[PDB]
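What follows is a short report on a single structure.
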Amino acid sequence: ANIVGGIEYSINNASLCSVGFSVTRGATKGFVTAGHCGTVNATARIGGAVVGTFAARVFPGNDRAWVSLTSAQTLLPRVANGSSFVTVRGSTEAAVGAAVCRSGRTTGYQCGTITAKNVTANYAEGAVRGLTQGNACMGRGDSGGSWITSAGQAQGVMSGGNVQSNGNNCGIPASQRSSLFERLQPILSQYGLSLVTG
């Protein structure tokens with residue numbers, strides 16, 4: 001399969017999440033995603049085919065993971081925006097106030113701004129600290145998906161947010177949204193990963 005940020009993948013033929021970013025670890029191909037999406041060794045599938053397994057994850061506390069892919073997979077420096085693509089050019093972290101977008105299999109490509117950093121989320125499993133908050137909307141299933149600026153700077157992966165009864169927070173104003181992502185930089189260094197760029 002072609003690995004693009006924002007696309008759907010399943011975990012152990014059960015839960016669905018979204019791809020964060022194509023990365024390499026030496027000769028090994030992979031993609032970063034959210035830790036809550038799967039446990040170590042869990043099988044990832046795209047288009048009905050096995051593409052790899054969860055190599056490592058930290059959740060709760062943090063919310064990160066990377067899926068180690070088979071060499072048959074095709075890594076791409078891109079994030080889905082409708083039928084088009086946003087090129088991944090680097091991982092410069094944007095400041096509070098910056099515009100930012102996210103991509104996922106539930107709500108697609110959504111944009112907003114970064115409103116706060118170092119935010120704690122109290123999830124069912126425990127607290128996750130150090131998350132960055134934006135007001136682009138999201139929904140259940142967008143988890144693990146790419147957060148990236150229009151200029152191509154990869155920011156992080158979708159962790160969680162204040163989803164309403166309809167499963168997303170797109171039906172409430174941006175001012176009331178808390179959409180949280182796990183910063184990309186600590187994921188890359190923790191697992192010795194290099195972002196695939198173009």
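Just so it is clear, none of the values below were taken in a lab; they were calculated from the coordinates. Every residue, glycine as well, gets a Cβ built from its backbone with ideal geometry; the counts of neighbours run over all protein chains shown.
Scanning the stretch 86-100 for residues that are surrounded by fewer than 20 Cβ atoms within 10 Å (Cβ to Cβ) and in a strand (DSSP E or B) yields 87, 90, 99. Scanning the stretch 166-198 for residues that are crowded, with 23+ Cβ neighbours inside 10 Å and among the aromatic types (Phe, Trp, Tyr) yields a single hit, 181.
Based on this model, can you work out whether residue 56 counts as surrounded by fewer than 18 Cβ atoms within 10 Å (Cβ to Cβ), farther than 26 Å from residue 136 by Cα and within 16 Å of the chain's Cα centre (by Cα)? Before you say what the answer is, go through the steps one by one.
Values: surrounded by fewer than 18 Cβ atoms within 10 Å (Cβ to Cβ): yes; farther than 26 Å from residue 136 by Cα: yes; within 16 Å of the chain's Cα centre (by Cα): yes.
Criteria met by residue 56.
Looking only at the stretch 160-198, residues that are in contact with a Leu (Cβ under 8 Å, 6 or more places away or on another chain), farther than 16 Å from residue 100 by Cβ and hydrophobic (A, V, I, L, M, F, W, C) come to 4 in all. Any idea which of 68, 83 is over 15 Å from residue 157 (Cβ atoms) and surrounded by fewer than 17 Cβ atoms within 10 Å (Cβ to Cβ)? After ruling out the rest, the residue left standing is 83.
The C-beta contact set for the stretch 42-61 (first residue among the basic types (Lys, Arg), second residue part of a strand (DSSP E or B), distance under 7 angstrom, 6+ apart or interchain) comprises 45/9; 45/10; 45/51; 57/64; 57/65.
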